[PDB]
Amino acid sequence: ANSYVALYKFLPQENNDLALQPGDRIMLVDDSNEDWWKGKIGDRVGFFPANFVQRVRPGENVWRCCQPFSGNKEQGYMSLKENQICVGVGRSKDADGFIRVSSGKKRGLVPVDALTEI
């Protein structure tokens, strides 16, 4: 339960910061502090804003938005802007329908054709 993906760019500002690029895969090391987590991307370790990342659970895919999509709150359809990162379970090429994704504090159903797997 330690796997996350960076949603937003984070430029290191201070010693021990871990630079984040959108789509980076993070192993969480320490979540003692509510605001600043420690984790590892690739060969690097450091601190980053806890609110800049999204949990990736086993079985879930990570996606980047390639074609923007206007959502609707009453329908539970989440908006996607170009290059937005989101996470959810994909389906086969054969199945038709929106999938449920999470993107930080927003969540909802989205078209798979709006997305490219990363």
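Numbers for residues come from their place in the sequence shown, where the first is 1.
Here 74 to 82 and 88 to 96 are compared by their mean Cα B-factor, and 88 to 96 comes out higher.
For the pair 65 to 73 and 26 to 34, the record assigns the higher mean C-alpha temperature factor to 26 to 34. Among the modelled residues of its chain, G46 has a C-alpha B-factor that falls in the middle third according to the deposited record. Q21: CA B factor lies in the lowest third for its chain, per the PDB record.
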